[PDB]
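Given next, in structure tokens, is a single chain: the form deposited without the ligand.
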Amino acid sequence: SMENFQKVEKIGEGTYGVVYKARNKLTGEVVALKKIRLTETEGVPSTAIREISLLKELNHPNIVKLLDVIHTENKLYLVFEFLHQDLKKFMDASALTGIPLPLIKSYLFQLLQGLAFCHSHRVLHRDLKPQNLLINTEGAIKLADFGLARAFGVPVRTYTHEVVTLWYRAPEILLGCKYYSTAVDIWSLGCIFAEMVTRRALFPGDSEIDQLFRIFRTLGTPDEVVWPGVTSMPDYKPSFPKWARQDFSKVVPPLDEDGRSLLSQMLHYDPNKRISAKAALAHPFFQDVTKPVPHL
């Protein structure tokens, strides 16, 4: 079953299972193998059932391609196109150069295409972070690890609360809203945009309240004017400190006017007013977008 694959090295561990780099001995294709150890447990995990059914539907240049599923009685193996590294490792490596604006713009543009495609196919990713965004030598970036993803309905009902890595987590989740939607993935992407610019996390909280206060000190503590309904949210407290909103030219100083304008629409408090991936693709920030190869 796995006879044509030659393991090369372990890549790492994501939401679930283990991922290896392997090569197909017959075609020469280099692949990423996601191994899932399986009876007497709870059978095939929900994360795997979701990742597979949903990735089979989502064929897009900016979404990691699932090639095959290999399914014995003991092990399940997902065969994915191989990507060369993650954004996080790339940003670490750009320590001294910084990331050229054209590459930031290209990556953001590509990530928004990937995400617009998910959302138009009723899929929420729910774990966007630099570690799950994978790059190749040809300048592509692709959404990966759909282990936390799910299919949603129109309009949404209540889904799992414990979602999105804390630094990338939207305020509506932090505040306990019973409905969250596609706008949570845009929040994450906005944090990532800021991070590609500064090369550090925009909101590195170490607990949920820390995370909220960091967001509040940057964008202002939300009230009923900025975000109708906030004060009625389950985990809103009238005791919250009331910080003034920072001017964005100070949030991400290297960013020019179109950049700051886009970021601010991606980090809007009110999910309803937060920009969609689809609408963001036409933002003026992208007027001169190209596709630079990175500097590996």
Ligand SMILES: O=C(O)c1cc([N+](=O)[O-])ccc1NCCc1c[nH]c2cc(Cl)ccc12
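The first residue of the sequence shown is number 1, and the count goes up from there. What we label the rigid core is the largest C-alpha set whose atoms superpose within 1.5 Å from one form to the other.
Compared with other deposited structures of the same protein, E42 meets the criterion of being unmodelled in at least one third of those that resolve residues on both sides. In terms of unmodelled positions of the deposited sequence, the stretch from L38 to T39 in this entry skips 1 to 3 residues. Comparing 58-66 with 246-254, the stretch with the higher mean C-alpha B-factor in the PDB entry is 246-254. According to the PDB record, 132-140 carries the higher mean C-alpha B-factor of the two stretches 104-112 and 132-140. The PDB entry assigns its highest CA temperature factor, among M233, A48, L262, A32, to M233. Per the deposited record, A93 carries the highest C-alpha B-factor of all listed residues (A93, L87, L148, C191). For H283, the recorded CA temperature factor ranks within the middle third of the chain's modelled residues.
Ranked within its chain, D127 lands in the lowest third, by CA B factor from the PDB record. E73: CA B factor lies in the highest third for its chain, per the PDB record. In the PDB entry, a CA B factor belonging to the lowest third of its chain's modelled residues is recorded for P155. The deposited CA B-factor of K178 belongs to the highest third of values across its chain.
The same protein also has a form deposited with the ligand bound, omitted here; what follows describes it.
The site on this chain is blocked, since the ligand, superimposed from its pose in the entry with it bound on the surrounding C-alphas, has 3 or more atoms within 2.4 angstroms of backbone or C-beta atoms. Of the stretches 190-198, 204-212, 96-104, 110-118, only 110-118 has residues with a heavy atom within 4.5 Å of the ligand in the entry with it bound. Within 4.5 Å of the ligand in the entry with it bound, a heavy atom is found for all three of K34, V64 and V154.
When contacts are judged by a 4.5 Å heavy atom cut-off, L174 does not count as touching the ligand in the entry with it bound. The closest heavy atom approach of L76 to the ligand in the entry with it bound falls within 4.5 Å. Put simply, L148 is close to the ligand in the entry with it bound: some heavy atom of it is within 4.5 Å. None of the heavy atoms of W167 is located within 4.5 Å of the ligand in the entry with it bound. Scanning 34-58 for heavy atoms within 4.5 Å of the ligand in the entry with it bound gives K34, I36, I52, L55, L58 in sequence order. Core-based superposition between this form and the one not shown leaves all of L212, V164, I192, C118 but one with CA shifts under 2 Å; the exception is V164.
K75: CA moves 2 Å or more between this form and the one not shown after rigid-core fitting. Superposition on the rigid core between this form and the one not shown places the CA atom of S46 2 Å or more away from its counterpart. Once both forms are overlaid on the rigid core, the distance between the two CA positions of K129 between this form and the one not shown is under 2 angstroms. Whereas the shown form places them at one spacing, the Cα atoms of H121 and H161 lie at least 3 Å farther apart in the entry with it bound. In comparison with the shown form, the Cα-Cα distance of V163 and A279 increases by at least 3 angstroms in the entry with it bound.
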